[PDB]
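Below: one structure, written as structure tokens.
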Amino acid sequence: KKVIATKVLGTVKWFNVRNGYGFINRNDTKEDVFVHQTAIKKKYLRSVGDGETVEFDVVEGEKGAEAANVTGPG
RNA sequence: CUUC
């Protein structure tokens, strides 16, 4: 729930619509960050596409770092 | 709901 970073840019590595999650690779540190469908801002509402550039916050989830408030750049 |  704690915000670790804000307005981070990254590239969607993959996002699986069957399982409802994927990973975004941060452009600043080159680390993958977990992203759940519920963390994506508005059929497949709340999805992102592989290869897309997104902007997001990084928070500390139960299981480590995850994306929050995932939107288009800007 | 953590590398499909």
Side-chain angles (χ1 to χ4, degrees):
Chain A
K1 175 107 124 75
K2 268 175 326 225
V3 179
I4 289 306
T6 61
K7 304 177 154 326
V8 181
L9 291 174
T11 307
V12 176
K13 188 180 178 185
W14 53 266
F15 185 83
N16 185 294
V17 294
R18 167 168 195 168
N19 295 323
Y21 78 97
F23 292 87
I24 303 166
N25 190 261
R26 294 173 61 160
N27 291 349
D28 55 351
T29 65
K30 306 311 184 188
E31 292 293 313
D32 291 344
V33 178
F34 173 88
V35 51
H36 189 258
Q37 52 194 358
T38 52
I40 303 163
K41 295 208 199 158
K42 313 184 190 62
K43 266 254 311 196
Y44 294 117
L45 231 62
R46 307 189 194 274
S47 65
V48 286
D50 300 10
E52 191 181 4
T53 293
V54 295
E55 187 170 324
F56 56 101
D57 305 328
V58 176
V59 301
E60 191 68 12
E62 222 77 348
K63 323 184 202 195
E66 66 196 33
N69 305 311
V70 183
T71 67

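By convention in this document, chain letters (A, B, ...) are assigned in the order of the sequence lines, proteins followed by strands, and residues within each chain are numbered from 1. When reading the values below, keep in mind they use all heavy atoms of this one structure, side chains included, and skip hydrogens, waters and symmetry mates.
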Handout entry: Side chains of A:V3 and A:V58 in contact at under 4.5 Å (non-hydrogen atoms)
Key = no
Practice task
Look at the side chain of A:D57 and the backbone N and O of A:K7, then say whether any donor-acceptor pair between them is shorter than 3.5 Å.
Solution key: yes
Exercise for the section: Scan A:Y21 against the nucleic acid and name what it touches under 4.0 Å (heavy atoms): base, sugar-phosphate only, or nothing. Expected result: sugar-phosphate
Exercise for the section: Name the first nucleotide and the last nucleotide along RNA chain B (5' to 3') that come under 4.0 Å of a heavy atom in chain A. Expected result: B:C1 to B:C4
Handout entry: Residues in contact with RNA chain B, drawn from residues 35-44 of chain A - heavy-atom cutoff 4.0 Å
Key = A:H36
Problem - A:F15 side chain near A:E52 side chain, heavy-atom distance below 4.5 Å - result: no
Exercise for the section: Search all heavy atoms of A:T53 against all heavy atoms of A:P73 and return the closest pair with its distance. Expected result: O-CD, 3.3 Å
Practice task
Please examine the side chains of A:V35 and A:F56, heavy atoms only from C-beta on, and report whether any two atoms are closer than 4.5 Å.
Solution key: no
Handout entry: Electrostatic pair A:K13-A:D32, nearest N-O below 4.0 angstrom
Key = yes
Practice task
Would you please classify the geometry between the A:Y21 ring and the A:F23 ring as parallel, tilted or perpendicular, with 30° and 60° separating the classes?
Solution key: perpendicular
Fill in the blank from the handout: Minimal heavy-atom distance between A:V59 and A:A68, with the atoms involved, is CG1-CB, 4.0 Å
Practice task
Quick one: label A:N19 by what it contacts on the DNA or RNA (base, sugar-phosphate, nothing), any heavy atom closer than 4.0 Å.
Solution key: sugar-phosphate
